[PDB]
Structure formats: C-alpha cells, structure tokens
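Inside the fold
Here are the chains, one letter per residue:
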Amino acid sequence: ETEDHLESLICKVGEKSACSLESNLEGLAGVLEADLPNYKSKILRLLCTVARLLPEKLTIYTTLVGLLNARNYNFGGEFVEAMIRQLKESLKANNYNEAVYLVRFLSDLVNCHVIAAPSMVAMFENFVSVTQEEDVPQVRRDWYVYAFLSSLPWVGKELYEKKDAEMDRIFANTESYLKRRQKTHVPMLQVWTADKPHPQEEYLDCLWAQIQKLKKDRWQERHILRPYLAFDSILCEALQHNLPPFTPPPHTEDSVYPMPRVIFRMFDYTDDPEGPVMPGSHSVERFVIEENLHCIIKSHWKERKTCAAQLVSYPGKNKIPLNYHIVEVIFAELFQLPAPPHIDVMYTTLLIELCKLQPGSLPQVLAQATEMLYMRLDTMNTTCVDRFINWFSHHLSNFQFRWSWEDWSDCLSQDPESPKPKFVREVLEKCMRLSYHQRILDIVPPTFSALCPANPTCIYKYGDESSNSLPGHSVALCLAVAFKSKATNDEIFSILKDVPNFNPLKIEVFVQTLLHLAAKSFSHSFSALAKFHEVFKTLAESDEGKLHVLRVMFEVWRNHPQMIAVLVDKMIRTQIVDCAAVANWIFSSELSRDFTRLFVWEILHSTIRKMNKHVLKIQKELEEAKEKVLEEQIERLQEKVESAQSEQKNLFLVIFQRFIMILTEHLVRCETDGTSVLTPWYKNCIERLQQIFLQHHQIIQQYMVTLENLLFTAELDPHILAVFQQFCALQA
Amino acid sequence: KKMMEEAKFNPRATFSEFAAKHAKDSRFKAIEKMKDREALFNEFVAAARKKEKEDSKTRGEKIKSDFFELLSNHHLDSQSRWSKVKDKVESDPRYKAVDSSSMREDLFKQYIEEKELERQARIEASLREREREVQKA
Amino acid sequence: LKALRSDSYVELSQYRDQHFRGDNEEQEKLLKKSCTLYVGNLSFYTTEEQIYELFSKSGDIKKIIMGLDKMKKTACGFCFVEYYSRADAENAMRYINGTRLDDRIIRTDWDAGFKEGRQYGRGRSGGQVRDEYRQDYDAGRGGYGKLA
Amino acid sequence: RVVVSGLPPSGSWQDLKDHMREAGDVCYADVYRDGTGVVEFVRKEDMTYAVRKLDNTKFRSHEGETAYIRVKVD
Ligand SMILES: C[n+]1cn([C@@H]2O[C@H](COP(=O)(O)OP(=O)(O)OP(=O)(O)OC[C@H]3O[C@@H](n4cnc5c(=O)[nH]c(N)nc54)[C@H](O)[C@@H]3O)[C@@H](O)[C@H]2O)c2nc(N)[nH]c(=O)c21
C-alpha cells in the first residue's frame, strides 16, 4: 500500500493540481519527511527516478529535494549521493540522453540550496576538460559541452555569482573548442539547405549563440518556472553539499555517443503577428520551450490523447504562442534529419488529437504550417519530403481530402520534375491508395487533373492484344486456359515445355499470364504465387531469372505501384527472388524513367529491412540457443548467421556500387558537356544515396574497412565522397 | 498580502516570482518561515480568484438583467426586428454596458421568445384520442 | 519504471472470442501475445488494398482476411489484419485505432487468432450480429439494421 | 471481455444475455465448449459490476433449467 501511495503523491505535485503548486510542495515536503524513518530507500528511489524520467518537471522536483534538504541535511546528502551514482551508471551504459537530465537536475539543485554553487563549477570544469582528451570521438567531446551549456539556462545565473574566473576560463576553452569542431555532418542533417529566411543551425553553434544572449543579458531568462528557487523563507538557511570530484568515464571501444544534430526552425514572431511575441531563435526561452515539449512527447508518446493534453496545458511562465511551438516541435521530430524519435504515424494522429482539443485555434496554425512547408519545398531534403507526402496524404484522408488546392496553382506551370509539382503528384498518388482513383480525380480542381495518378489497371501482354506476332503467344493462351481450369504445377510445366529460348521467354509468358488472372485483388495474386510457387522456384532458379521475373512483373503492373510493392515483398518472403536481385532491379534501365518516384525507394528500404530483420532474428535464436541436439543446432545457427550477415553485406555492397556507377556517369557526362550538375534527377539520386546511410548507419558501420578503403576512395568524385564523409562524421 | 497589492495582480504568480517582488518588504519578512509565507500567498490568491469568479458572474447576471429591463420598456413581441429596436435603445447605459453587438442581439432574440388556447388544446386532445383509437383499431 | 508505462490503447477490450474453445484465461493468454487484430466498422466496399495501405503504416502486414456474409459470401464490414511482430500490432492499436479508413472511423481489437470460420458474420441474417439490431442509417453497411 | 463457466446444457448465448443485462447493458455473448461461455459489456462500470454482483449466480434458461455460472474479467 504505502509504497504505492508515495509514488502516487510524488507524481501528484508534478501533475496539474487544484490548489497552488507551492502548497502541494509544502505538504508533500513534510509528509515525505515523516515517512523517512521507515521509507527512506523508496523515497530516495522515487526521486532519483522522476529526476531522470520527468525532465519536463525538473524544477518542480528540485524544489522538493530542497524543502526536504531544508528539514534533513543528511537526507539531501544521500539523494545527492544516489544521483551521482545513478549518473555514473547512465554514462557507462551509453544512455547519455538520460545523463543530461541528471546532470541538469543537479545543476538546478544549486538554486535550491542543496549543492554548493562552487561545487557544480568544479564538475563542469572537468566536463569541458574532455575537449582536451586525446584520441577521442568529437561526438564525445561534444556531449560534455552540451551537457554543460544546456544546464546554464538553469544554473548559469547563480553559477555566475561565483568562480567567474574559471567560469570564464571554461567559456574560453569552449569557444576555442567550438571553433575547432569539424562540421562535415551538417549538409547531411539539414532539413533545408536554403538559409535565405531562417538557417538550420548545427545544434552546438545554436546553443552557444543562445547562452551568449543570456550571459550578455546578465543570465536573466524569463521562462523556466522556479517552485523551489525561493529560499528566502526556508531554502535560505539550508545547508548545501559538495559533489565529489567527478572524473568523466574513459572513452572505450564500447562507448556510443549521441549523433550531432541540426536545429529545425520554421517559425518566427512575424508568423503570428496577432499573438504573444514568440521567443527568438537565439533566445534560451526557445530552447527550453522546445526541450520541454520534446520531453513531454517522449513521456506520453504511447497514449495520443494524454499526450495532446499535456502539450496543450504546458505551463509557460510568461505567455507564448503555444500552438505554434507545438506544431513546430512536432514537425521538428517528424523531419528529424532522416526520421524522428518515434514511429512516424504517431505524429499524424497526435496532430489530429490536438486539432480535436483546440478546434478553434490549432487547425489554422496547422494549415499555415502546411502552406509554409509547401512553399519551401525547393530545398527540402528528399528524405523529409517523403515524410511530408505520407504525413499530408494520410492527414487528408482523415478530413475527407479537403484542401484548398488552388493555393498551390504555381506548381501547374513548373517543370513536372520540380519539387512542388512532384510533391503534389506524389501526395495525390498516396491519397488514391488510401481510397480509389475516381475519388481523387473528384477532389482536385480541373486544372490539377494533369497531376492526378494514372488508373491502376493491369497490362497483359498476350491479352486482348490480338497482336499475336509475339513469341510464346499461344503458349500463354494455353496457360490462361489451364489456370482457369485449376491446373496443377506439372501440368503448367508441361504447357511450358513447349517454349523456345534460364529461359527468358518461359518466365514472361508464365508471369504475364499468372498475374493477369489474379489481377482482381492482392489476395488472388498472393495465393497465385503460393500455388504455382514451385514453378517460380524453377524458372527463376538463377539471378537472371529472379531479375527477369521482377522485370516482367513491372511490365505488367507499372500502373499500380502499390501492387508492385506488395508483390515484391511477398516474393522475397517466399524466396521467389532475393534482395540482391531487387537491388539490381531498382537500378535497372527498365526503371530509369520511374527512378525518382517514391514507390521505388519505398520498396528498396522495405527489402533492406526484411534483410536486417532476418539477420537480427537468427542472431537472437543463436543467442538463446547459446544460453543453454542442442549443439547440432548452435552449429547450424552459426552457419545461418554467417550466411545471413554475408548476404546483408552484399546487399549494401551492391547498392553502393550501383549508386557510385550512376552518379559518376552523371558527373562525368556533365563535366564533359559543360552542363549543370544540379539537376532534379541529381538531387533525388544524391539524396537517395545519403538516405541509405541515414536509415542504416548502424549496420553500415560494420563495413568501414571495405567502405573506407575499397569503395568510397579518393579517385571517386568529391560529390560522391562527400556523402561518405558526412556519414563518418556522425560517429566521429 | 500587502506585497501582492504592490505588484500587478498576477493570480498565477510562482512562489519564487512572488518572493522576488516582495523579498525586501518587511510585511513579507515579518512571517518567520518560508512555508508560512507560501501558505498565506497560496490562500490569498485562492480567495481572490474565488472572489473574482463570484463577482464577475453577478455582474454578468446584472448586465443581462439590466439589458432586459431596458427592453421591457419597449413594446416587443415576436414580430419586432432588432434592426429597428437598436436605433431606439442604443444610448442607454444598459445597452452600452454589454461590450458586444453579437451578444446584444442574442439577448434581444432570447427576450423575443384564453379561448384560442382552449381551441388549440381541443385540437391537441382530439389528435391524441384519434391516435389512440387508430392504434387500438 | 513508474506509471509512464501507461499504455491504455494496448489494453485488452471487453470483447471475448465468441466461439473460442478454451477458458477466458486461454483466450486472454492468446490476446496478450497476439499479432493479429480485429478491425470493425469498415464499409461493405472497403477493399483489402485500402486496408493494406493504412495498416502498413504501423509495420509490415503478413495477411489480411476480409469478413464475409456467411451465406452471401460478400464483404461484411470487418476484417482481420495480421502482423509479423506484436510491436507493430501494438502501434496499429495505438495510432490507427479510432481513425479513418476509407472515410469511416474504425476500431481495432486484439484477436486470439484467425481460424477457419472466423471470417463469417455470425449475424442471424448472414452479416455481422451488430447489424441485426442497428437502429441507425449507414449507407456503407446497407442502410438500416436488419430488423428494419 | 469476461468469461463464463458453469452454464446449463440446454442453453445458448442469447438467453445468457438476458441474465447479464442485469449488470446494465451487454454488447455480445457466446457459449462454447459445452459448459463455459463469454460476454462483452459496454462500459467498465457495468462490466466490473457483472463480475462482482453477477458472479456465481443462478442462471435460468428458457428450458426450465437452472445452474451456477462464474463470471471473470478477461
Ligand atoms: C464485434 N467483434 C466481432 N469479432 C469477430 O468477427 C466475427 C464476426 O461475428 P459478429 O457476427 O461480428 O460476431 P460476434 O461478435 O461473435 O458476437 P457478439 O459478441 O454477440 O456481440 C456484439 C455486437 O452485437 C450486438 N448485440 C448482440 N446481441 C444483442 C441483443 O440481444 N440486442 C441488441 N440490441 N444488440 C445485440 C451488440 O451491440 C454487440 O456490440 C467473429 O468471428 C468474431 O470473433 C470480434 N473479434 C474481436 N477480436 N473483437 C471484437 O470486438 C469482435
């Protein structure tokens, strides 16, 4: 019971009360002291937890650890003892993001008279000292600075009352360090390359610039609520403590540090003239506001309805254009370089839940942001655009596809390849897949018809062709007859024995015919593949066969991208074709004309994931089997791991070799015909290569020797190398 | 309490903000413990917010009540048009006392809504008996 | 660690596998380990293609089984979606449940598991039981309830 | 969804719903295994109540057959 009640109450304070917060902190303060005799360990646990899991409540709980320290010095000393232990653990386990919340909780305690202001400074001095450390990844040297700077919004003001001498010498080594960092990763992490309006800044530079405006403002920010900073009635006479000498954990080969980031920015106060002035991009208020909002989503991501509510009720010290901050932060997450913190579909419905909660004001802002995103499309990164298309099209389908399409009339007279028209075409294509062809033709104006998607009709070769000069024609006609008759494999094989030339012609007449007679539904085509599965495994026993199947299937369904995708997927899972073949198919000349369409990549990534999932699965089995006949298996599971990983490496190897080949071909041709290198085709192609790295950087890391010395070498065009070097900078 | 009367209301003021505004005031220092300063701060807000509510919604009932009293002076029925009445009452302090035009019109619309009634009740009872007899048949 | 674990959208519903064999205990053990979902309120004309496109947003789908009129053998207004992993089914439960599929608000529920015969409406008239007593008009489910 | 155990031999889910309704309102019922069954209520209030009040009660079938049924939250 009691155990239960404590955790309940510890949370109540953070939650929205119905009696001034200060009161609750007053009460809970004593209550907790009264229970210290019997429940010291639990309360000591509960607080260390809310400290690393409820950052958005940082100051409500620091206060609490204060009122307590103001009634039991020895208690505070124990809490601060745990915190350091808890912090050393998070660090050793590579859970750096959790650490920051700890390191930041300590910081604010200094404002609660619990930790010696001078004490904090000594630790930070050691954090920055990491910048000197020799032969360590920059992402490591980066995290300590970030942990330091991100704290100042809380500690800085009072941490400036003391040790300004070293609290100047620290900024000194920082400034020095900040100007010596390589920024190779920025181009690969920016949502937009255009900085004409608002620049997408490297996260440390942006924060550095933020501290400055604060420092030069005498460290006086006006947002961070402070519920335990008032030590003029109690906290004053409290006896602070001293954090033991903190020696940052030595960089090991098992260390993994957060990747660098780029600050997503799309709004400024002029985007909301008639609304409370929006904190500027370089104001700490902006940082803190987005930080809490990001943390709120991190705490409630699993429950969308609770989530919207915690966002909308966010407590701001001084009024701010909340709705705008909520939308900006959600897009900041959806478009997070390659992909955000949580599953993509979560942001879609989260936004819906917010529109249902603030019916009168959220929708307009969301409609304003959509407009702005569309207008800035020209320099948005391909990976984000895809995300934009899927979000918007899925969003539309929940609001009867109602949108003011004429607002985007400008796309109508642009090269079909330009980002705007292409974006519209893709969005519409997506809307069709969530409903049907005719429905979409009906929602857009007559002027847009040209951008609507083609009717997804099957294309039989030997069909009502009547153009019979084609090879295997009659053979196909027998097949059609057999299939409609509940023919068997051997029978079909027989029909096929009468085919003149791995036999390309046999494949084509089989596929063209089998698919045509199952073109009514996905479920028909599937069973079709399952029934005559044996035939497939025969005709396509070779890679040429595998490749030819994909080629004929594409010939048949080129007007129905969703069909093509589900078929390839089904074929891979039933081993009618393998990922290598799918990869070669993607870069094949037969797809050259559709190379930049979304479905092509949606398929390639879905193939890569199946490969990855597969590898992971077998690895686990071995893992479990190794944790125990039982041997003959581990012998076998080992072999399977080998093959799986080998085929995985080969998939990345081929994909990269193909990218290098087509990009070089383009670069050379251009550098010969003195033509522009920056074509729409190039943009998609170079950014698609970048995406391979973004989506699977973890797996790709395992191939550094091969990648760094065998593929992406110096003889390669710098435009291609650039992509590789950007990737390496992610964990450099 | 005096410390809070020197600032600008701020009913949703944080305790550390309130403590910053009144920290050098002697009525603030007069209370020994920080906890009791916060408790007085919390209660006075909660009693001021409780009173603003109860006050601004007896003024609401008083604005509305006055507006009706103004209208009661003119011979209004379901016919009468607000386009016409407006130009007759627009000078009154009870008309201006409603800070909006959309709402003076709604209040007006609300305000706007024996033998013949006996015959109507006759028709109603006849229809009821007819429905009952039709159901029985 | 603490109550942040809240996952109300993934919790078991009140519905029980109708013709299921085991205890309520055996049905519940299957439901908490399932990868297959029950999808309700579809229109009679909602296709497998649409279902695939919306439900794939939460993970890869293994199979989709359309609910049918036991006697007419036509789309009934419900279906079963089966994922390869429960994590993906949970996300559908979390972010797809309660949203629009083919212009109508749908509801998902955990399902013990598909078995031959689960695809047929148990509705007295052939369709879903739900439609026998519906007193509302629904042009996606054939107008008024069967008892009308 | 709750489960039922200890139902009569000559009984169906349709007749059971008439007994479960006492809790408030039922959404679906079933009787499989030739002994145990199941029921689906609307709200948790009426549901939790059924397992509380409508527990180990005496079911009465339309065939003049009575028995003891056990309700449980599933
Ligand atoms: C609704 N539902 C169906 N299936 C599956 O889909 C198939 C179609 O059969 P139905 O023909 O759809 O089947 P039942 O639900 O068996 O029977 P029933 O539970 O009695 O219940 C409720 C629906 O009918 C209504 N109803 C039932 N009896 C009455 C009654 O006497 N009066 C009134 N007014 N309404 C009633 C009620 O409103 C209710 O919501 C079957 O294979 C099922 O397994 C579900 N599977 C899961 N996991 N979750 C669900 O929520 C679910």
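Per the deposited record, determination of this structure is attributed to cryo-EM, with the resolution reported as 7.8 Å.

The record lists its title as "Human pre-Bact-1 spliceosome". Entered under Sequence similarities in the UniProt record, the comment concerning chain C runs "Belongs to the RRM NCBP2 family."

The record held by UniProt for chain A lists under Sequence similarities the comment "Belongs to the NCBP1 family."

Notes on the overall build of chain C
Helix and strand counts for chain C come out as four helices and six strands. Overall, chain C shows an N-to-C arrangement of helices and strands of α-β-α-β-β-α-β-β-β-α. Along the longest, intermediate and shortest principal axes, the C-alpha atoms of chain C span 55 × 35 × 30 Å. Considering only contacts in chain C between residues 6 or more positions apart, those separated by 24 or more positions represent 59%.

Here we look at the overall build of chain A
Along its length, chain A carries 32 helices and zero strands. Counting only C-alpha atoms and orienting by the principal axes, one finds that chain A spans roughly 100 × 70 × 60 Å.

Thoughts on the sheet that holds strand β1 (residues 2-5) of chain D
Residues and elements named next belong to chain D. Taken in spatial order, the five strands make up an open sheet running β2-β3-β1-β5-β4, and their pairing is antiparallel. Edge strands, defined here as strands with exactly one partner in the open sheet, are β2 (26-30) and β4 (57-60). Sheet twist, expressed as the mean angle between neighbouring strand axes with direction ignored, is 35°.

Observations regarding the domain arrangement of chain A
All names here are of chain A. As assigned here, chain A comprises domain 1 (2-263), domain 2 (284-453) and domain 3 (464-730). When each unit is reduced to the centre of its C-alpha atoms, the spacing between domain 1 and domain 2 is 33 Å. Here the residues of the side of domain 1 that touches domain 2 are counted per class, giving five nonpolar, three polar and two charged.

Section: the interface of chain A and chain B
Frequently, the measure chosen for interface size is the accessible area removed from exposure when the parts meet. Contact with chain A, which involves eight residues of that partner, is made by eleven residues of chain B. Of the residues belonging to the side of chain A that touches chain B, the class tally is three nonpolar, three polar and two charged.

Focus: the sheet that holds strand β3 (residues 75-83) of chain C
Sheet strands pair via backbone hydrogen bonds, and the direction of the pair is either parallel or antiparallel. Residue and element names in this part refer to chain C. Ordered in space as β2-β3-β1-β6, the four strands form an open sheet in which the pairing is antiparallel. A strand with exactly one partner marks an edge of an open sheet, and here the two such strands are β2 (61-68) and β6 (107-110). On average, adjacent strands in this sheet sit at an angle of 25° to one another, irrespective of strand direction. As defined by bridge partners, strand β1 (residues 36-40) adjoins β6 across four bridges and the pair is classed as antiparallel. Looking at the pairing, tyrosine 38 lines up with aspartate 109 of β6.

A few points about the UniProt feature "domain: RRM" in chain C
If you check UniProt for "domain: RRM", the listed places come out as residues 35-113 of chain C in our numbering. Taken end to end, residues 35-113 of chain C comprises 23% helix and 38% strand; its first and last C-alpha atoms sit 8 Å apart.

With respect to the arrangement of the chains
Considering every one of the three pairs of chains in contact, the largest contact total is recorded for chains C and D. One finds no contact linking chain A with chain D; the least C-alpha distance across the pair is 19 Å.

Notes on the pairing of β1(D)
Residues and elements named next belong to chain D. In this sheet, strand β3 (residues 36-41) lies alongside β1 in antiparallel orientation, the contact comprising four bridges. Note on β3: the bridge partner recorded for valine 3 is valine 38. Judged from the four bridges that link them, β1 and strand β5 (residues 66-73) form a sheet pairing that is antiparallel. Bridge pairing in β5 links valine 2 to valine 73.

Describing the pairing of β2(D)
Residue and element names in this part refer to chain D. Relative to β3, β2 runs antiparallel, the two being bridged by four bridges. Pairing of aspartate 30 across the sheet is with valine 38, part of β3. Between β2 and β3, which follow one another and run antiparallel, lie five residues, and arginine 33 among them has a positive phi close to 95°.

A short note on unusual backbone geometry
Positive phi, normally seen in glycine, also occurs at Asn94(A), with a value near 65°. The residue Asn94(A) is located in the loop between α5 (73-92) and α6 (96-109) in this model. In this structure, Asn56(D) is a non-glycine residue whose phi angle is positive, near 45°. Along the chain, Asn56(D) turns up in the loop between α2 (44-52) and β4.

Overview of the UniProt feature "domain: MIF4G" in chain A
UniProt feature "domain: MIF4G": in the numbering of this structure it lies at residues 3-215 of chain A. Strand forms 0% of residues 3-215 of chain A and helix 66%; the C-alpha atoms that close the span are 44 Å apart.

So, how was this worked out
- Residues numbered from 1 in each chain as written, not as in the entry; some residues may be left out.
- Chains lettered and ligands numbered in written order.
- Part of a larger assembly, values for the part shown.
- Heavy atoms only, no water.
- Residues with missing side-chain atoms left out of burial classes, pairs and counts.
- UniProt positions renumbered as here; feature names shortened; annotations may be inferred.
- Helix = DSSP H or I, 4+ residues; strand = E, 2+ residues; numbered from the N terminus.
- Contact = heavy atoms within 4.5 Å.
- Pairing = 2+ DSSP bridges.
- Axes fitted to C-alpha atoms, helices over the stretch in contact; angles between N-to-C directions.
- Domains from an automatic or database assignment.
- Nonpolar A, V, L, I, M, F, W, Y, C, P; charged D, E, K, R; others polar.

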